[PDB]
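Remarks on the overall topology
Here's the letter readout for the chains.
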Amino acid sequence: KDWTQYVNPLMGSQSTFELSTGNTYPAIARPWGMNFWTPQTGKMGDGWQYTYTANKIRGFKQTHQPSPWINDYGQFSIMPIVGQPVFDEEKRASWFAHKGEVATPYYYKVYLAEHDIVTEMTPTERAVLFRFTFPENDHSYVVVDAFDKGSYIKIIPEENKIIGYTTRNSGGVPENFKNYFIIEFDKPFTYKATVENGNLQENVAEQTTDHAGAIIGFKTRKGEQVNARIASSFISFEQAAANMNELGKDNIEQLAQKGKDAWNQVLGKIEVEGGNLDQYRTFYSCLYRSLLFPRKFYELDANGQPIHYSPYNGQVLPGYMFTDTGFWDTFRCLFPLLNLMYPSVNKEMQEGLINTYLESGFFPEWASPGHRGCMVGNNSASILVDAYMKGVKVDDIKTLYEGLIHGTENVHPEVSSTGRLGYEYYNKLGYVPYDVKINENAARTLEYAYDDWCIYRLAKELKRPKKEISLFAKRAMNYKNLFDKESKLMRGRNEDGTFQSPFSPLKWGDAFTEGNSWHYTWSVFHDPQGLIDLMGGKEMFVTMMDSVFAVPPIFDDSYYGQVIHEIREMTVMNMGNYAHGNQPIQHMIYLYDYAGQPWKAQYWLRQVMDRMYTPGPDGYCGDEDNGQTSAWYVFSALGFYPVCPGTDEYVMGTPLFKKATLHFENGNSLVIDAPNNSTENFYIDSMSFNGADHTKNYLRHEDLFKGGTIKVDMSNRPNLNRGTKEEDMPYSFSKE
Ligand SMILES: O[C@H]1[C@H]2[C@H](O)CCCN2C[C@H]1O
Ligand SMILES: [Ca+2]
């Protein structure tokens, strides 16, 4: 039963700086793999390491890059060639075409047209097997590139082996950071050379220099295959060698099979039927993208116990560690998805977070590998609390709570996105002022508020002191401090307490991050009713939502000076100011449920799923962002979305398929039957849950886990009476 056939790793690779259609590369990897491998079309150092329209491949690279914007670390490449032994990354490059390329999560193949060589790779979590099919030539070589900024290489002929380490990175690493790699060939070298800053040196065994490389070679018969076993570690050569054992004695075929099995095992936890081939492809591609980040950053020791290099303090320590995710993106639904279908995995991740705190002093917000300065918010709180509240509990709860509290009153000395920048003002005034030299104050305030709700939630659960509990309950209401009654919008506010003037609701950035007031105003995940109230009741609230879609996509970019890609992405979709291409607004359509008009959510949700996602190389409508934008589709296609992580609630949308089945780790299954689904029939007329009638606009975690059947009768006309009753509404803090 194979779902991998639907996965297109090229989806999102046809992106450019001006317009993102995903900004992804073909991550050939195991789920959450420590090391990813990709064909490399971009020049060394370029965030866009693989682009669909590129003509040439210049290497097969080990990568850890989460985003072109964030860039890479622990990176080196290998490239087979023929003819002259050349190290230069342009001269070694080869034309190829996509019709001569086969990309799957577990297997990658391509024909290098200028060398007449076929390259195949199959990876494990930490290692990979390459098989090079050479033409007949007296001069066949393999180039190993350690990249620049200080690297090391060494050839061991008596073991047909090349070892080295690479260090080029993009920040967020300890001074001693290194990636140690080992490469074993099954064919003896007739030619060997190391490379030292572009210089080829035959028979010099070893280089320690800015940019080390190696070239080995031999005579090849037509069709002769040479295999290279490769692995790496962030710990040591000894450890890299241990990692190499993941390959066993397997060949390309056997490893591919194991990787396929591995992926089907996770993709198969969600079976969908009764859709068209585009939908299958969009859906599983998205699911695959949701099982990559954060990556494992731990390695197995002699006793099979997890240990890790600390990207926070550079020691090697026992226990789990993961990295390469930005919580500002992924708290929204990516991690919620893990808690629903892959809690065993998130348990490891959560334990990793505890270690991050122990080793770093803070919980991370953006980590690649270590703390990096990107985005805003203290959403690690949502990640941590949502997990706990959903049954994924770390062993050290004392430490968890302390960590949470620590982050409310500290900001990292060098990485301002770690901890709460502006906490002094926030704690004192109730908001982060628009005029105190802290940017994106309004976005910070709104998210901090939701964060504090999460802390309140956990604190209550821990039966902490009333004074504590009350303090966060109070701070959860801070979003009110930025609400402008006249505009009905969230708005920047001065320290002196006056709202900021001139006010441009359509201006991006400044008070907000990559969105304007019309996008950020909806960021009250824990208290939609509270928001509804400030706007003057649900009717006015719905009017307000509706105009998001109804107005042209006009904008003010003065804060950026140029039409950044996320603005352009909005303009072209012709859906008003609904910028689905970016994270802040992604939950918004579901808010219709809270105002007693679920049918409007049903209508627009189906719009988005039909129009904003296609299965091709230009498949997404904005940055994919480490699973967030993909998992949005995954949830939404199933029919529900975790608007407010930290509750046990998935707010109801509309299911895309005629049947979906979930297999939870607990052994139960849940079937969602929508036999009458169609392109036309995207309204929910009625719903029953194991035979009971279900008029609510949400489902509960514990209920889903019990399994059974949900029936959804789809219709082509909205049902104006379902889900308008007050007990149908999802959670709002104000109602508590
Ligand atoms: O997604 C936000 C953030 C990502 O978290 C990391 C890449 C750069 N940024 C783009 C923003 O939209
Ligand atoms: Ca983004």
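Along each chain, residues carry numbers from 1 upward in sequence order, and these need not match the entry's numbering; residues missing coordinates do not appear. The naming scheme follows written order: chains are lettered A onward, ligands numbered 1 onward. Think of the side-chain values as coming from all heavy atoms in the structure, minus any hydrogens and water. Residues with missing side-chain atoms are left out of burial classes, side-chain pairs and their counts.

Listed as the method for this PDB entry is X-ray crystallography; the listed resolution is 2.80 Å.

This part is about the UniProt feature "binding site: Ca(2+) 1" (unreviewed entry) in the chain. Feature annotation in UniProt places "binding site: Ca(2+) 1" (unreviewed entry) on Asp329 and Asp625, given in this structure's numbering. A maximum C-alpha distance of 6.6 Å among these annotated residues, which run over 297 residues, shows that they cluster at one spot. Note on placement: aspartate 329 falls in helix 4 (residues 327-330). Here's how the labels work: a residue is buried when its accessible area is under 20% of the maximum for its type, exposed when over 50%, partly exposed in between, all with a 1.4 Å probe on protein chains only. Taking relative accessible area as the criterion, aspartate 329 reaches 5% and is therefore assigned buried. UniProt positions are given in the numbering used here, feature names are shortened, and annotations may be inferred rather than shown by experiment. Runs of E in the DSSP output that reach at least two residues are strands. Runs of H or I that reach at least four are helices, and both are numbered from the N terminus.

Moving on, we get to the pattern of salt bridges. What counts as a salt bridge is simple: a side-chain nitrogen of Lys or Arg found within 4 Å of a carboxyl oxygen of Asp or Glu. According to the stated counting rule, one finds 35 salt bridges in the structure shown. A salt bridge links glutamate 90 to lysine 43, with the shortest nitrogen-to-oxygen separation between them at 3.3 Å. Pair noted here: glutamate 90 is in the loop between strand 4 (76-82) and strand 5 (94-95) and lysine 43 is in the loop between strand 1 (36-40) and strand 2 (56-57), with a separation of 47 residues, a long-range link. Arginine 221 is the partner of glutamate 224 in a salt bridge, and the nearest nitrogen-oxygen pair spans 3.8 Å. Here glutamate 224 falls in the buried class, since its relative accessible area comes to 10%. One salt-bridge network, held together by shared partners, links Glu125, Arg126, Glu246 and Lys296.

Taken from the UniProt record, the annotation "binding site: Ca(2+) 3" (unreviewed entry) applies to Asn582, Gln583 and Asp625. Taken along the chain, the residues just named run across 44 residues; in space they keep tight, none of their C-alpha pairs more than 9.1 Å apart. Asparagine 582 sits in the buried class, given a relative accessible area of 6%. Discounting residues that sit within four places of it in the chain, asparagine 582 has contacts with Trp328, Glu514, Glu566 and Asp625. You can see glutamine 583 is positioned in the loop between helix 15 (565-573) and helix 16 (598-611). Contacts are assigned to residue pairs with any non-hydrogen atoms lying within 4.5 Å of each other.

Criterion for a disulfide: a pair of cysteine sulfur atoms within 2.5 Å. A full pass over the atoms with the stated rule returns 0 disulfides. With no disulfide of its own, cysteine 454 lies closest to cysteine 644 among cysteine sulfurs, the gap being 6.5 Å. The exposure class of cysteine 454 is buried, given its relative accessible area of 0%. Counting only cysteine sulfurs, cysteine 286 is the nearest neighbor of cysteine 621, a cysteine outside any disulfide, at a range of 11 Å. Of the residues examined, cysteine 621 reaches a relative accessible area of 5% and is grouped as buried.

Our next topic: the coordination of the calcium ion (ligand 2). Donor atoms are limited to N, O and S found within 2.8 Å of the metal ion, a distance that becomes 3.2 Å for Na, K and Ca. With water left out, some sites might look partial. For the calcium ion (ligand 2), the full set of protein donor atoms is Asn582 (OD1), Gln583 (OE1) and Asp625 (OD), and the range of their distances to it is 2.3 to 2.6 Å. As a motif over one chain, the donors of the calcium ion (ligand 2) read N-Q-x41-D. Placement of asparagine 582 in the loop between helix 15 and helix 16 and of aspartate 625 in the loop between helix 16 and helix 17 (628-638) is noted, with a sequence separation of 43 residues between them. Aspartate 625 shares its class with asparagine 582; the two are buried.

Definition of nearness: a residue and a molecule or strand are near each other if at least one heavy atom of the residue lies within 4 Å of the molecule or strand. What surrounds ligand 1 is the set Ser67, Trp69, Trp328, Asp329, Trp366, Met375, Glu514, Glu566, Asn582, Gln583 and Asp625. Interatomic distance of 2.8 Å between a side-chain N/O atom of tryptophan 366 and an oxygen atom of ligand 1. Definition of a polar contact: a pair of N or O atoms within 3.5 Å, with one able to donate and the other able to accept a hydrogen when the atoms are protein atoms, and with sequence-neighbouring residues admitted only if both atoms are side-chain atoms. Contact between ligand 1 and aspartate 625: an oxygen atom at 2.9 Å from a side-chain N or O atom of the residue. Throughout, the Shrake-Rupley method with a 1.4 Å probe supplies accessible areas, and for residues the shown protein chains are the sole cover considered. Out of a free accessible area of 300 Å², ligand 1 has 95% covered by protein chains. Ten residue types, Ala, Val, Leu, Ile, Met, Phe, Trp, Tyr, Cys and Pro, are classed as nonpolar, four, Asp, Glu, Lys and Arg, as charged, and the remainder, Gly among them, as polar. When its residues are assigned to classes, the shell around ligand 1 shows 4 nonpolar, 3 polar and 4 charged. Counting only domains with at least three residues in the shell around ligand 1, you end up with domain 3 (325-419) and domain 4 (420-587 + 730-736). Boundaries between domains were set according to an automatic or database domain assignment.

We note that the domain assignment places domain 1 (1-269 + 294-324), domain 2 (270-293 + 588-729), domain 3 (325-419) and domain 4 (420-587 + 730-736) within the chain. Domain 2 and domain 4 are separated by 25 Å when their C-alpha centres are compared. In this complex, domain 2 contributes 34 residues to the contact, which on the side of domain 4 involves 32 residues. By buried area we mean the combined loss of accessible area, with a 1.4 Å probe, across both parts when two parts are placed together. At the boundary of domain 2 with domain 4, total buried surface from both sides reaches about 3,000 Å², with 64% on carbon and sulfur atoms. Linking domain 2 to domain 4 there are 2 salt bridges. Note that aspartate 546 and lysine 600 form a salt bridge whose closest N and O atoms lie 2.3 Å from each other. Remark: the boundary between domain 2 and domain 4 carries 14 residue pairs in polar contact. Among the secondary structure elements, those contributing two or more residues to the side of domain 2 that touches domain 4 are helix 16, helix 17 and strand 31 (649-652).

Each regular strand carries side chains that alternate between the two faces of the sheet. Burial along strand 16 (residues 206-209) is one-sided: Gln207 and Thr209 are buried, and none of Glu206 and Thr208, which face the opposite way, are. For two strands to pair, DSSP has to find at least two bridges joining them. In this sheet, strand 16 lies alongside strand 11 (residues 151-156) in antiparallel orientation, the contact comprising 4 bridges. In the sheet register, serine 151 faces strand 16, and the bridge partner there is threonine 209.

So, on to the packing of aromatic side chains. Aromatic ring pairs: the centre-centre distance and the angle between the two ring planes describe each pair. Between rings of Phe, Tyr and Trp, where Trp is taken as its six-membered ring, a pair exists when centres lie within 6.5 Å; planes separated by under 30 degrees are stacked, by over 60 edge-to-face, and by other angles tilted. Counted under the stated rule, the structure contains 60 aromatic pairs. Pairing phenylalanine 635 with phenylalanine 640 gives two aromatic rings, centres 6.2 Å apart and planes at 65°, and the pair type is edge-to-face. As far as the burial class goes, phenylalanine 635 and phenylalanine 640 line up, both buried. The side chain of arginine 493 reaches across the aromatic face of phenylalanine 499, ending 5.3 Å from its centre. Geometrically, a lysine NZ or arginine CZ counts as sitting over a ring once it is within 6 Å of the ring centre and also within 35 degrees of the ring normal.

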